[PDB]
Each structure stands twice: as C-alpha cells, then as structure tokens.
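Asker: Take a look at the following structure, please.
All Cβ positions, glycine included, derive from the backbone under ideal geometry; neighbour counts span all protein chains shown. No value in this document is a laboratory result; all are computed from the given coordinates.
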Amino acid sequence: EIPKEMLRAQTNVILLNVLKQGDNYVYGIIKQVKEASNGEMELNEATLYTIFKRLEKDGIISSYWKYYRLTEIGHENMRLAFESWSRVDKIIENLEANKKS
Amino acid sequence: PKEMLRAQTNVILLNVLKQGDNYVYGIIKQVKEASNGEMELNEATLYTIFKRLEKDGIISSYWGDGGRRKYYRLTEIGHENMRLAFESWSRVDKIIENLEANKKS
Ligand SMILES: COc1cccc2c1C(=O)c1c(O)c3c(c(O)c1C2=O)C[C@@](O)(C(C)=O)C[C@@H]3O[C@H]1C[C@H](N)[C@H](O)[C@H](C)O1
C-alpha cells in the first residue's frame, strides 16, 4: 500500500482540482471523485472536513451558501506548485540522461 | 512551502539512489548539475533525510573502496515503494483528467 502522508497529499491534490473545475459542496465532490475514479476512490466526509478546515485556515478556499470555492490565493499556489513539481521532473530526467552518458 | 521542498528533496534523492548507489558528496554534485545549479543541497539535510529513510528501511549504507567512501543504496522495499508511489500518482493524474472530461459531458 501507499504511505499515508502521501495518500493525504494525493487527496489534497484531487480536492483542489475539483474546486478548480468549479465551486462545489461535499456531496458533489465525493460523488464526482468516485465517478472520475471509476468507483475506486471513495472519500469520507470527515476526511474532507478535516482537509477543508485546513485549506480554509490557510486561505486556499472559502465557503458560502455549504459550497466551497478556490480563492485567488489558492489558484496562485496551484500554479507555483505545478511549476515546482515541473522543475523536479526535469531534475529527475537530467539525472537519468546524465547516468546513461 | 517547506513541506513541499522536503517532499521534493526526498523524491529527488530517492531517484538518485534509484539511478545507482552513491555517496553524499556525489549525490549533492549530481543534483547540483541536474538542477543546473538550482538545487545545492547541504550535507546536513541529507543526513537528516537519510536517518529517517534508513530507519524506515528505505535505504541502507555500506563502505565501498584509493580511499574509502560510505555509499547509500535503495533497498528492495525502497524500490517497491517507488513503484507503488509512481503508480498511485499516475492514477491521480488520470482521475483529474477524467474530472475535466466528465465536467463538460
Ligand atoms: C500536480 O502535481 C503535483 C502537485 C502537488 C503535489 C504533487 C504533485 C505531483 O504531481 C507529484 C508527483 O507527480 C509525484 C510525487 C508527488 O508527491 C507529487 C506531489 O506531491 C511523488 C512521486 O515522485 C513518488 C515516486 O513518490 C511520484 C510523482 O512523480 C511522478 C513524476 C516524476 N517525474 C517521476 O516519474 C515520479 C516517480 O513519478
């Protein structure tokens, strides 16, 4: 099985991409994710509330009438993160190439 | 963010060891070149990371041979976790792709 700290990191990435598709409520998020995962990924409510309280605390999402939305801070951090993980991709690719030669 | 810098640092170090056993100085140099100078890791960061990885059985060390250097290696458990990790992260990418596609339809 996969490490747990890495399982949460994966779940955070997925929830944020859902909100990126559009504002959403918990039921819609778990439903959309289950379908998008061909049934394989069943998120529990309390895991989302645990995760959503933290993202709200960090200003990454906000709520309203209960819908959740990706803030402008959230959109910005998703770009930096995606670019950072891109630099990593190249570092690893450089390591492979340098190994061969 | 620090937790993302360290998570990334772990992934890079683990992939170095995937490429082959190596010693700390060689690892920092290889990463420095691979990042085109962007990532210069210090000795003490690797020692911090290698203590936790070795404790969890993800790497081990041994003495290689003029002069002697302490080499580190990815255990068979470590190779397996990298397989599991790479596969899970791959499915995540597919789930997200599905979320956009499913969105329109
Ligand atoms: C939208 O990208 C992200 C946004 C936020 C966090 C993340 C990521 C991310 O994509 C990401 C990864 O893709 C990977 C990891 C990761 O934790 C994140 C994020 O946290 C971990 C990983 O390196 C392993 C082996 O554990 C596997 C995977 O890398 C992929 C691609 C690499 N080039 C390499 O092939 C690796 C083995 O698999």
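Asker: What shape does the protein assembly as shown take by its C-alpha gyration tensor, where a ≥ b ≥ c are the square roots of the eigenvalues and a/c under 1.5 counts as rounded, a/b above b/c as prolate, and the rest as oblate?
Answerer: Cα axes put the protein assembly as shown in the prolate bin.
Asker: Let me spell out the model: positive unit charges on the Cβ of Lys and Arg, negative unit charges on the Cβ of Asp and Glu, origin at the Cα centre of the range A:1-52. What dipole size does that give, in debye rounded to 20? Display every interim value, and only then the final one.
Answerer: On the way: 5 positive and 7 negative charges, 24 e Å.
With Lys and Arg at +1 and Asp and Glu at -1, about 120 debye.
Asker: When the distances between all Cα atoms of chain B are binned every 10 Å from zero, what whole-number percent does each bin get?
Answerer: Distribution as computed: 13, 39, 29, 12, 6, 1, 0 percent.
Asker: If you don't mind, another one. For the protein assembly as shown, with the dipole built from +1 on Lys and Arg beta-carbon atoms and -1 on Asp and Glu ones, taken about the Cα centre, which of B:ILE95, A:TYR25, B:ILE27 lies farthest toward the positive end?
Answerer: Among B:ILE95, A:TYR25, B:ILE27, the one farthest towards the positive end of the dipole of the protein assembly as shown is B:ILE27.
Asker: Only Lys, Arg, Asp and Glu count, each charged at its Cβ (+1, +1, -1, -1), so figure out the dipole size of the range A:4-100 about its Cα centre, rounded to 20 debye.
Answerer: Here the size comes out at about 140 debye.
Asker: Separation of the range B:72-105 and the range A:42-101 by C-alpha centroid, Å?
Answerer: Distance between centres, Cα-based: 15 Å.
Asker: Take the cross-link list B:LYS2/B:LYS94; A:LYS53/B:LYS55; A:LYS4/A:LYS57; A:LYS31/A:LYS90; A:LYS34/B:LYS18; A:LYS90/B:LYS70 and give me the ones stretching past 25 Å between alpha-carbons.
Answerer: The answer is B:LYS2/B:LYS94; A:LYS53/B:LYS55; A:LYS31/A:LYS90; A:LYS34/B:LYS18; A:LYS90/B:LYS70.
Asker: In Å and whole numbers, how far do the C-alpha atoms of the range B:54-105 stretch along each principal axis, longest first?
Answerer: Computed over the Cα atoms, the extents are 65, 22, 13 Å.
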